[PDB]
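**Student:** please find the sequence and an experimentally derived structure below.
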Amino acid sequence: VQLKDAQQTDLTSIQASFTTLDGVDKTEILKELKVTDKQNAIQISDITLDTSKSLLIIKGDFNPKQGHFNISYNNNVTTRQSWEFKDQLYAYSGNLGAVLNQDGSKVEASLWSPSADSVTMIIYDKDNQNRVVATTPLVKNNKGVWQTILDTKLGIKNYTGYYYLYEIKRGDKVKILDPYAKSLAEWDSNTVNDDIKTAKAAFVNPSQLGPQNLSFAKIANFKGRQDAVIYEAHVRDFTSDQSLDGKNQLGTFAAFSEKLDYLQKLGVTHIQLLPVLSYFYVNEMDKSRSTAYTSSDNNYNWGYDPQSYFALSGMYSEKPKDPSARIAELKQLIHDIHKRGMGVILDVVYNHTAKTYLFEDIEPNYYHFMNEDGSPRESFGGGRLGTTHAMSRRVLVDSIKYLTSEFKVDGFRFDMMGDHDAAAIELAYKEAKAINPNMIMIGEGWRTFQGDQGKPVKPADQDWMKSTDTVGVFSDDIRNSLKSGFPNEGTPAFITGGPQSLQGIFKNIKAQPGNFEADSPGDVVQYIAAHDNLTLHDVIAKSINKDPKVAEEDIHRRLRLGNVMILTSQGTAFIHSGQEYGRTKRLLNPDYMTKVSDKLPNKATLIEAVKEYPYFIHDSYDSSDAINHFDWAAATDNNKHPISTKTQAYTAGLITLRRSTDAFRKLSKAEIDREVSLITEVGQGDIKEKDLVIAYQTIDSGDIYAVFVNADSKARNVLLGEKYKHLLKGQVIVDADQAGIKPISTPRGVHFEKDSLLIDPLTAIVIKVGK
Ligand SMILES: OC[C@H]1O[C@H](O[C@H]2[C@H](O)[C@@H](O)[C@@H](O[C@H]3[C@H](O)[C@@H](O)[C@H](O)O[C@@H]3CO)O[C@@H]2CO)[C@H](O)[C@@H](O)[C@@H]1O
Ligand SMILES: [Ca+2]
Ligand SMILES: [Ca+2]
Ligand SMILES: [Ca+2]
Ligand SMILES: [Ca+2]
Ligand SMILES: [Cl-]
C-alpha cells in the first residue's frame with residue numbers, strides 16, 4: 001500500500017494514486033497521510049477512498065499559489081496540476097505570439113507557459129540566424145502568459161525579419177518555438193542539435209504582405225459543399241517535372257500559379273494543397289530535383305510532420321531567407337486562383353506534431369493527449385495534440401481563424417480528423433464560417449480516436465456525420481467498392497472485375513455509404529484516389545493484374561469509369577491530382593527491374609503480370625520527384641500521349657457536366673431518394689444482385705440524366721423497360737470516346753433498341769432528356 005502519483009484537480013481537491021487500497025481503512029489512512037505546501041502542513045479536511053481505481057480524493061485548502069503540494073505516506077510525491085485544473089487557473093483568451101507595429105520599431109510578444117520559472121526571448125540576426133543579437137526577460141501575468149515589449153532598449157530600430165526563440169527555465173533551460181510564430185527563418189532539419197531543436201520564429205507583419213485587395217473566392221454555381229469539385233495537389237509535384245525547364249523557381253507557390261489556367265480549364269472548383277504549413281524534416285535551401293527513382297531518404301516531404309500551425313514552410317518560397325516572402329507568395333497564389341473563379345483548401349495536420357518536445361518543452365503535461373500518469377500520448381515519434389484542452393483547442397481554432405482571415409482561405413481538409421473531439425472541429429468550423437460564409441471543411445473521419453486515457457469524448461469521425469452538417473468526410477466505402485482500398489488494396493472491385501452488390505453501389509452514388517450514416521449528401525466526400533496509397537491507374541493495373549504497356553487502354557477505359565461514377569455521384573466530388581490523366585508511381589529503378597526477395601523495397605507493391613519494373617509505390621511521402629512529379633506531357637501533349645490526354649479531356653468533360661446541372665449536386669437525402677432512381681434492378685434482364693454493370697436516373701430542377709456504366713469485360717444489354725424507355729427520346733452526351741454537355745450525333749460504344757441499350761464492355765454512357 002504505497003503512494004504512486006498525485007494530481008491537484010481543483011482548488012480544494014488533490015487526487016493521490018496508490019498501488020492498492022485493499023484492507024486499509026479511512027481511519028488508518030488519515031493517520032499516516034500528510035499534506036505539505038511549497039514545507040508547512042496543510043489541514044486535511046477529509047479523504048474519500050475509490051478502492052476500485054486505487055486512489056484517495058483529498059480535500060483541503062490547497063491554494064495554487066502556496067506552490068505545488070507534496071503528499072506523504074510510508075515516500076513523498078509533489079502534486080502536478082491536471083490539464084482541467086491548468087485550464088481553470090491559466091486558460092487565456094487574449095492575443096498570443098509576437099506582433100509588429102506599423103513601422104517595426106516595437107513588438108508586443110506573448111507566450112503561454114504557466115509553470116515556467118522564467119522566460120527569456122533570444123533574438124537572432126535577420127541576415128544570419130545563427131548569430132545571437134539580443135535577449136530579454138518576459139513578465140508573467142495572472143494567467144501564466146509571459147509578455148514583453150521589444151523596443152529601442154535592445155538596440156534594434158526595426159525588428160522585421162529578425163528571428164527569435166524562447167529559453168524557458170524550470171528547476172532546466174530549454175529553447176522553444178513560439179507556437180503562434182507567423183513565419184520562420186530558413187529551416188534545415190540537419191542543423192538540429194541538443195540546444196536548438198527547432199526552427200526559429202520570425203518578426204513579420206502578414207497584413208502588410210501580398211495583394212491588399214485579397215478576398216475570398218467568387219465561384220459560380222457554388223451554393224454549398226455539394227457543389228464542390230476538389231482537386232488535391234502537392235505544391236512540389238505540380239511543377240517538379242523536368243519538361244517545364246522553359247519563369248518562377250521549381251516547385252514553389254510562384255511556379256504553381258503559372259499552371260492555374262490548366263486547372264481553370266479542367267473545371268475544378270477548389271485546389272486542395274497538401275500541408276503548406278511548416279513541416280520538420282526538410283532542407284529548405286535544397287530545391288534541386290531528385291531524378292533517381294526511390295521511396296526513401298528524399299528531401300521531398302508531403303508535409304505530415306508538423307512544426308508550426310501558423311507559420312508556412314519555406315520550401316515553397318522563392319526567397320526562403322526572407323520570412324515575409326512565404327506569406328506574400330502564398331497570398332499571390334491564392335489571389336491568382338481567385339481570379340480564375342476557383343478556391344483554396346489547405347490540408348492541415350493538427351492530429352499530431354513532428355516532435356513531442358515542440359509543445360511539451362513549452363509546458364509539460366498539458367498540450368498533448370495524456371495517459372493517467374501525465375505522460376504524453378504520441379504518434380509518429382510526435383505529439384498527439386489534445387484538442388479537448390483549452391489552449392490546445394486555441395492552437396487549432398486560432399490557426400484556422402488566422403489562415404481563413406489572413407490568406408482568404410476558402411476551406412480546410414483535416415488530416416486524421418477522427419483523432420480530434422467533435423467539439424474542437426465544430427468550433428473550428430463555426431469560427432471559420434463566421435469569417436467566411438462560404439467556408440467548406442472536409443476531413444479524414446477514420447475511427448482512430450485515442451484521447452486522454454480514461455476520458456472518452458465524441459470524435460470528429462464518420463459517426464459524427466449523423467449529428468452535424470458542417471464538415472464532410474472521405475467515403476472509404478465508395479473507394480473500396482469501386483476499386484479497393486487500404487488495407488485490402490488490389491482486391492478486384494467494381495471497375496476492376498470483382499462483382500459488387502448493386503444496391504450498395506447505388507446507395508453510394510446517392511451519397512449513402514454502408515459503413516456510416518450520412519443524413520445529408522454534404523457529409524460525404526466521394527473519392528477513389530488521394531495522395532495516400534496507390535494512384536487510380538496503379539491500383540487498377542494491380543487489381544486486374546496486367547502490365548501497363550499492353551493493357552494501357554484496358555486500364556484507362558476502366559479508369560474513366562471510376563471518374564464517371566465519382567463525378568455523377570451525389571455529395572462532394574474529390575479528385576486526386578493526376579487521376580484525370582492516369583498518373584503512376586512507377587518504381588523505374590534499375591535495382592528493381594525484376595522481383596527481389598523478405599528484402600523488399602520501401603513502401604512498394606508488386607504487380608506479377610508486369611516484367612519490366614514491376615514495383616509501384618503506395619506511400620510516396622519520402623519518394624523522389626521522379627516518383628512524385630505530375631506528368632505534364634501525359635496531361636496535355638495530345639500527340640505524344642493520346643491515351644492519357646483522352647482520359648484527361650474525358651475527365652474535364654465529366655466535370656463540365658457535373659457543374660452544368662444540379663442533378664448531380666443535390667442538397668438533401670429526402671430529394672435524392674426521390675429524384676435519383678435505379679434503372680438496373682436485380683432481375684431486370686441480365687442483372688444479378690452482385691454485378692459489374694449499373695445505371696441510374698437523375699433529374700435537375702426538369703432535364704433528366706441517365707448514367708450507364710458497364711464495367712463488365714463483355715457487352716451488356718440494359719433493359720429500360722416500361723419505366724425508362726423514354727430515355728431513348730433523349731440524346732447521348734457521354735460515350736466511350738468523349739464526355740461533355742453537347743449532344744453526340746454519332747455515339748460510340750452503345751446501341752439503341754426499341755426498349756434497351758447494348759453497351760460495349762468497359763464503357764460509360766450518359767443520356768440527356770431535356771424538357
Ligand atoms: O495511417 C494509417 C492509414 O490511414 C488511412 O487508412 C484508413 C482507411 O482508409 C480506412 O478505410 C480505415 O480502414 C479500416 C477499415 O475501415 C476497417 O473496417 C478495417 O477492418 O480496418 C481498416 C484498417 O486498415 O481506417 C484506416 C486507418 O485506421 C489511410 O487511408 C492510409 O493511407 C494510412 O496508411
Ligand atoms: Ca472546362
Ligand atoms: Ca532573412
Ligand atoms: Ca449530417
Ligand atoms: Ca523526406
Ligand atoms: Cl490518381
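**Tutor:** Now that the structure is in, tell me what you want to look at. Numbering: from 1, shown residues only. Ligands and ions are numbered 1, 2, ... in the order given.
**Student:** for the chain, what lies in contact range of ligand 3?
**Tutor:** Contact residues (C-beta under 5 Å from the ion) of the chain with ligand 3: 126, 321. Quick note: C-beta positions are derived from backbone N, CA and C, even for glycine.
**Student:** who does the longest strand seen in the chain pair up with?
**Tutor:** As assigned by DSSP state E, the longest strand anywhere in the chain is strand 128-137. Here strand 128-137 is paired, per DSSP bridges, with strand 118-125 (antiparallel).
**Student:** can I assume residue 47 is in contact with residue 60?
**Tutor:** No: using C-beta atoms under 8 Å, residue 47 is not in contact with residue 60, being 9.8 Å away.
**Student:** buried stuff in stretch 34-50?
**Tutor:** In terms of neighbour count (16 or more other C-beta atoms under 10 Å), stretch 34-50 has its buried residues at 35, 36, 37, 42, 47, 49.
**Student:** now tabulate those residues in CSV and tack on secondary structure.
**Tutor:** Shown next, in CSV, are those (DSSP: H, G, I helix; E, B strand; the rest coil):
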residue, secondary structure
35, strand
36, strand
37, coil
42, strand
47, strand
49, strand
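**Student:** which two of those have the greatest separation?
**Tutor:** Between any two of the buried residues of stretch 34-50, the greatest separation by C-beta to C-beta is 23.8 Å, found for 37 and 49.
**Student:** burial of the residue of the stretch 301-450 of the chain at minimum distance from ligand 2, as a residue count?
**Tutor:** Closest contact between the stretch 301-450 of the chain and ligand 2, by C-beta to the ion, is at residue 341 (11.0 Å). Neighbour count for residue 341, taken as other C-beta atoms under 10 Å: 14.
**Student:** residue 729 now?
**Tutor:** Around residue 729 there are 9 other residues, counting by other C-beta under 10 Å.
**Student:** try the one 5 residues further on
**Tutor:** For residue 734, the count of nearby residues is 30 (other C-beta under 10 Å).
**Student:** who's in contact with it?
**Tutor:** 564, 653, 654, 657, 707, 740, 764, 765, 766 (C-beta atoms under 8 Å, 6 or more residues apart in numbering).
**Student:** how far out from the middle of the chain is whichever strand or helix holds residue 238?
**Tutor:** Residue 238 belongs to helix 235-239 when assigned by DSSP states H and E. Distance of helix 235-239 from its chain centroid, counting by C-alpha atoms, centre = their mean, to the nearest Å, is 17 Å.
**Student:** tell me what it is packed against?
**Tutor:** Under the contact definition 3 or more C-beta pairs under 8 Å, 6 or more residues apart in numbering; DSSP states H and E, helix 235-239 sits against helix 253-256, helix 625-628.
**Student:** and the ones you listed as a markdown table, adding mean neighbour count and distance to residue 380?
**Tutor:** Converted to a markdown table, the helices and strands packed on helix 235-239 look like this (neighbours: other C-beta atoms under 10 Å; distance: least, C-beta to C-beta, whole Å):
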| stretch | mean neighbour count | distance to residue 380 |
| --- | --- | --- |
| helix 253-256 | 24 | 26 |
| helix 625-628 | 23 | 20 |
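**Student:** any chance of those helices in TSV, plus distance to ligand 5?
**Tutor:** Formatted as TSV, the helices and strands packed on helix 235-239 follow (distance: least, C-beta to the ion, whole Å):
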stretch	distance to ligand 5
helix 253-256	20
helix 625-628	11
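**Student:** residue 130: which of the ones you listed is closest?
**Tutor:** Across the helices and strands packed on helix 235-239 (criterion: C-beta to C-beta), the nearest stretch is helix 253-256, sitting at 26.6 Å.
**Student:** quick one: contacts for the residue in the stretch 201-350 of the chain that ligand 5 sits nearest to?
**Tutor:** Nearest to ligand 5 in the stretch 201-350 of the chain, going by C-beta to the ion, is residue 301, at a distance of 4.3 Å. Residues in contact with residue 301, defined by C-beta under 8 Å, 6+ apart, are 279, 281, 282, 315, 621, 622.
**Student:** relative to ligand 3, which of these is nearest.
**Tutor:** residue 315 (15.7 Å).
**Student:** for the stretch 101-250 of the chain, which segments count as strands?
**Tutor:** Ranges of strands in the stretch 101-250 of the chain, per DSSP state E, counting those that start in this stretch, are 107-112, 118-125, 128-137, 139-140, 145-150, 163-169, 174-176, 201-202, 229-233.
**Student:** what's the closest of the ones you listed to residue 647?
**Tutor:** Residue 647 sits nearest to strand 229-233 of all the strands of the stretch 101-250 of the chain, at 15.5 Å, using C-beta to C-beta.
**Student:** alpha carbons only: can I get that closest one in CSV?
**Tutor:** Coordinates of each C-alpha in strand 229-233 appear next as CSV, following Å, rounded to 0.1, in the frame of the first residue of the first chain:
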residue,chain,number,x,y,z
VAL,A,229,-15.2,19.6,-57.0
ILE,A,230,-12.0,19.4,-55.0
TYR,A,231,-8.6,18.9,-56.7
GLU,A,232,-5.8,17.6,-54.4
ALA,A,233,-2.3,18.8,-55.3
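**Student:** what sits up against it?
**Tutor:** Contacts of strand 229-233 (C-beta under 8 Å, 6+ apart): 256, 263, 266-274, 345, 347, 413, 442, 525, 530-531, 567, 572-577, 630, 655, 658-659.
**Student:** buried members of these into PyMOL, please.
**Tutor:** What follows is the PyMOL syntax selecting those of the contacts of strand 229-233 that are buried according to 16+ other C-beta under 10 Å:
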select buried, resi 256+263+266+267+268+269+270+271+272+273+274+345+347+413+442+525+530+531+567+572+573+574+575+576+577+630+655+658+659
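**Student:** how near is residue 762 to residue 641?
**Tutor:** 20 Å (C-beta to C-beta, to the nearest Å).
**Student:** more neighbours: which of those two?
**Tutor:** Higher neighbour count among residue 762 and residue 641: residue 762, with 26 against 19, using other C-beta under 10 Å.
**Student:** list the contacts for the closest residue in space to that one that isn't next to it in sequence?
**Tutor:** Excluding the flanking residues, the one nearest residue 762 by C-beta to C-beta, 6 or more residues apart in numbering is residue 557, at 4.0 Å. Taking C-beta under 8 Å, 6+ apart, we find residue 557 in contact with 736, 762, 763.
**Student:** nearest to residue 551, of these?
**Tutor:** The nearest member of the contacts of residue 557 to residue 551, counting by C-beta to C-beta, is residue 762 at 11.0 Å.
**Student:** report the contact partners of that closest one.
**Tutor:** Per C-beta under 8 Å, 6+ apart, neighbours of residue 762: 554, 557, 558, 561, 710, 711, 712, 713.
**Student:** chain center to the host helix or strand of the fourth one: distance?
**Tutor:** Going back to what we said before, that points to residue 561. Taking DSSP H and E as the criterion, residue 561 maps to helix 552-567. Its chain's C-alpha centre and that of helix 552-567 lie 26 Å apart, by C-alpha atoms, centre = their mean.
**Student:** and what of stretch 753-763?
**Tutor:** Counting by C-alpha atoms, centre = their mean, stretch 753-763 comes out at 41 Å from the chain centroid.
**Student:** check stretch 233-249 too.
**Tutor:** Distance, centroid of stretch 233-249 to centroid of chain: 22 Å (C-alpha atoms, centre = their mean).
**Student:** got the residues of this structure near ligand 4?
**Tutor:** Counting by C-beta under 5 Å from the ion, the chain sits next to ligand 4 at 465, 469, 519, 520, 523.
**Student:** tell me which residues are up against the host helix or strand of residue 658.
**Tutor:** When elements are assigned from DSSP H and E, residue 658 belongs to helix 642-659. Residues outside helix 642-659 that contact it (C-beta under 8 Å, 6+ apart): 221, 227, 229, 265-269, 552-553, 556, 559-560, 563-564, 567-568, 573, 575, 579-582, 631, 634-638, 664-665, 733-734, 737-741, 766.
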